[PDB]
Structure formats: C-alpha cells, structure tokens
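First the proteins, then the strands, lettered A, B, ... as listed; each starts at 1.
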Amino acid sequence: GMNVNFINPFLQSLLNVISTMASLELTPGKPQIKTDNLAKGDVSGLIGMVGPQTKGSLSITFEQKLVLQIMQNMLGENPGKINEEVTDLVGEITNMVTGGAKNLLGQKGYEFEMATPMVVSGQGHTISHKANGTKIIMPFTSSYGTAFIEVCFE
Amino acid sequence: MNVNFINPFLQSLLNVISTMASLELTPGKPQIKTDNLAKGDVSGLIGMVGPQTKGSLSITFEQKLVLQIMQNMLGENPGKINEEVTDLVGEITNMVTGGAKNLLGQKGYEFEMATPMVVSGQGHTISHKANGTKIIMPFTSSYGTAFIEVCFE
C-alpha cells in the first residue's frame, strides 16, 4: 500500500529536465493509483530498479509532438518523426529522471540501483507494470500534448 | 561476459518454448543487433543489475503468435491483446529471466531482476540503450515471429 508520494522524486526530476533544460512547462495532474489502460503515447522510456529491500519499474511516456518539441528545445533540431536520435534522447531523459530520483530517495534512506533504459517506439502504445505492488501514475499536459510517468514497486 | 552473460537468457527462452512443440518454433542465430526492424505487437521488458554490470531484456511477439501461445498454455484466447494476454507475457518474461538467474547463479554470477513491464501497441519496436553489445535472436513459426533482445553494460 505504497505512499503515492513515492512518485514525487520522479515528478520533480522530470520537471527539472523538461522545464529547465527543455524550457517547456509541463503541468502535472494528480498522482493516481492506476485504474485505466488509458495512458497512451508514441515513445516511452522504461527502466528497472533494484534495491536491498525493493524492486520496481518506471515508465515515462510521451506523445510524438511533445517529444519532438522537447528535442527541438534541448538539442536545436528534430527530425519530424521518432527515429534513433529521438529514442537516444528519451533514453537520456530516462536516465536523468531515474538518477535524480535515486539521489532524492537515497537522501531519505530509500536505496536502489537503476538498470539501463529501454525505449519503446510505436503509435498509441500503452505500458502495463506487472510488479505485485501499487502502481502510481500521473499525467502531464502541454499544448504540444501529454506525457505520463508511471512507477511500481514491490 | 558476452556469451557468458547472454546465453542463459537465450537458452531459458528456448526452454520455455520447447514446452509447445505444437507451435513448431524455429529459432534463428543470435546476432549483434544492427537495425530497428524487429517489430511486434506485445512485449515484456525487464531490467537487471549484476556483478559490475547492468542491463536489460525484452521479448517481443506478433499478435498471432502470442495468441497461439496463450491457446497452448491456458486453453483459450481472446483474439486480441487484452489484460489476460499482457499478464501472460509478463509471466513468460519472469520465467525466462528467473531461469537465467538460476543458471547464472549456478555459474557463480548473481543477477537481481527488476519487475516486468508489458508494452501493447501494433508494430512497436524496442531500442536498448545500455552501453554494451545488443544481442537479438528471433524465433519464427507459421503463427508468426518473436524476438528476444538482451544487452549488458
């Protein structure tokens, strides 16, 4: 029965990357215990986490127009489609979100190590976390479209 | 590291599909991945941390194949990728990684797995970003194709 606040370090870290490094204001929704298969996107960064008394999963999902605007702002270009350069950037965003969360959570005595990012590319795909634990999801909105973070820990 | 860490995962998948001779699945030769051509409709993905290493694994299936796997394993299929199907994909992912964890442990190498995630979406691709060699192996049948990819850094 995990505290919904476990998503906060991930939220803060994503807002750090996107709002400052990408100068793009994402407006977060309210963290929800997941109850829909409705968090569709076009490219997603996925990573596992393993700790002494923990294991889990993080996904960060973006609509195409949003991730392309993020790439424009961060790197000064974008190829107008999801390609390898886009998936590489999503991988790096995933590492920085997870890493910042690791730092913030470590300061609070929660230890984990991240695995390595996998990036999913596909129109309108969804992610389902299969850990036996609480699934916490939150939307983010911009005029460019929507993103979602989902975390799950056993 | 290369054959040493990756082969258990490949053998463990083979083991898990050897249980369904019905499908008549022909494995290909494992190789270094050098394109983004490996598409599927549902995939199981899992991270892992090991001795001086970390990495990732995914198993991607075409819909027609995963539905026949469900027919063989559970005696039914819904004719589409639903929660039942994503659950089974997650479980196969755990068995494949669980088996490999045992084999590597046997050999003296401790790997800790994270928890699985399952992607649903027509014709999606998975790109592993670990800084190390990406190994992919396909397995094909008249019902369709699947791919396992494993990468350690």
Side-chain angles (χ1 to χ4, degrees), chain A residues 46-52 54-57 112-118 129-131 152 154, chain B residues 2 4-10 12-21 23 25-28 30-33 38 40 42-61 65-66 69 72-73 86-106 108-119 126-130 132-140 145-153:
Chain A
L46 282 64
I47 197 158
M49 292 168 285
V50 177
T54 208
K55 63 180 60 174
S57 49
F112 69 89
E113 294 305 325
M114 74 184 76
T116 56
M118 282 167 279
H129 294 240
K130 306 289 186 184
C152 190
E154 286 185 357
Chain B
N2 304 288
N4 181 62
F5 294 157
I6 287 180
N7 286 343
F9 297 97
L10 304 181
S12 174
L13 188 45
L14 294 177
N15 288 345
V16 176
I17 68 186
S18 75
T19 74
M20 304 172 291
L23 312 180
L25 279 156
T26 299
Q31 289 180 303
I32 299 168
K33 179 170 196 193
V42 63
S43 297
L45 291 80
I46 192 164
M48 73 211 94
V49 170
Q52 308 181 5
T53 199
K54 54 183 55 188
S56 57
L57 177 150
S58 64
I59 310 168
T60 296
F61 303 86
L65 172 57
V66 82
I69 292 167
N72 279 226
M73 298 193 59
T86 64
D87 284 343
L88 180 71
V89 173
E91 279 318 330
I92 291 165
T93 306
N94 283 326
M95 294 199 285
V96 172
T97 66
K101 174 175 168 71
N102 184 53
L103 293 168
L104 287 153
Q106 270 187 346
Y109 290 111
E110 309 285 36
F111 281 72
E112 279 293 310
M113 314 299 162
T115 54
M117 287 174 279
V118 179
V119 178
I126 315 299
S127 177
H128 296 240
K129 304 296 172 173
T133 300
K134 283 96 187 158
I135 297 301
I136 189 159
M137 182 183 76
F139 51 111
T140 194
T145 296
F147 311 88
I148 177 158
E149 189 172 349
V150 188
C151 189
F152 286 111
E153 155 177 298

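- None of B:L14, B:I59, B:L23 except one satisfies the side-chain contact (heavy atoms from CB on, under 4.5 Å) rule with B:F139; the exception is B:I59.
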Given salt bridge (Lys or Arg N to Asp or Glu O under 4.0 Å), test B:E149 with B:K134 step by step and report yes or no. CA-CA 7 Å; B:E149 189 172 349; B:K134 283 96 187 158; over 6 Å; no
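- For the atom pair OG1 of B:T145 and CZ of B:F61, the computed distance is 11.5 Å after rounding to the nearest 0.5 Å.
- Not a single donor-acceptor pair under 3.5 Å links the side chain of B:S58 to the backbone N or O of B:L45.
- In plain terms, the two heavy atoms of A:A115 and B:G55 that are nearest each other are CB-O, 3.5 Å.
- Distance NZ/A:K55 to SG/A:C152: 12.5 Å, rounded to 0.5 Å.
- For the residue pair A:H129 and B:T115, no side-chain donor N or O sits within less than 3.5 Å of a side-chain acceptor on the partner.
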B:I136/B:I32 under side chain to side chain contact (heavy atoms under 4.5 Å, CB included): CA gap, chis, key distance, verdict: CA-CA 6 Å; B:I136 189 159; B:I32 299 168; over 6 Å; no
Given side chain to side chain contact (heavy atoms under 4.5 Å, CB included), test B:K101 with B:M113 step by step and report yes or no. CA-CA 8 Å; B:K101 174 175 168 71; B:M113 314 299 162; 3.6 Å; yes
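- B:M73 is listed as a side-chain neighbour of B:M20, based on a closest heavy-atom distance under 4.5 Å.
- B:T53 places a side-chain N or O within 3.5 Å of a backbone atom of B:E153 that can act as its donor or acceptor partner.
- Under a 3.5 Å cut-off, the side chain of B:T19 and the backbone N or O of B:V16 do form a donor-acceptor pair.
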Audit row: A:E113, A:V50, side chain to side chain contact (heavy atoms under 4.5 Å, CB included) steps and yes/no: CA-CA 5 Å; A:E113 294 305 325; A:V50 177; 5.5 Å; no
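- Atom OG of B:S127 and atom CE of A:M118 lie 11.0 Å apart (nearest 0.5 Å).
- The two residues B:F111 and B:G50 have their closest heavy-atom pair at CD2-CA, 3.8 Å.
- In this structure, CD1 in B:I148 is found 7.5 Å from OG in B:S12, a value given to the nearest 0.5 Å.
- Using modelled atom types, one finds no donor on one side chain facing an acceptor on the other under 3.5 Å when comparing B:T26 with B:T140.
- For the side-chain contact (heavy atoms from CB on, under 4.5 Å) with B:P116, the lone residue among B:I46, B:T86, B:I92 that qualifies is B:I46.
- The distance from the CG atom of B:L57 to the CD1 atom of B:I6 is 9.0 Å, given to the nearest 0.5 Å.
- A donor atom on one side chain and an acceptor atom on the other are not found under 3.5 Å apart for B:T93 and A:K130.
- Contact between B:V89 and B:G44 at its shortest, heavy atoms only, is CG1-N, 3.5 Å.
- Counting heavy atoms from C-beta on, the side chains of B:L65 and B:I69 come closer than 4.5 Å.
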Could you walk me through whether B:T60 and B:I126 pass side chain to side chain contact (heavy atoms under 4.5 Å, CB included), step by step? CA-CA 8 Å; B:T60 296; B:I126 315 299; 3.8 Å; yes
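- With contacts defined as side-chain heavy-atom distances shorter than 4.5 Å, the pair B:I135/B:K33 does not qualify.
- Between the side chain of B:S18 and the backbone N or O of B:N15, at least one donor-acceptor pair lies under 3.5 Å.
- How far CG of B:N72 is from CD1 of B:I17: 12.0 Å, rounded to the nearest 0.5 Å.
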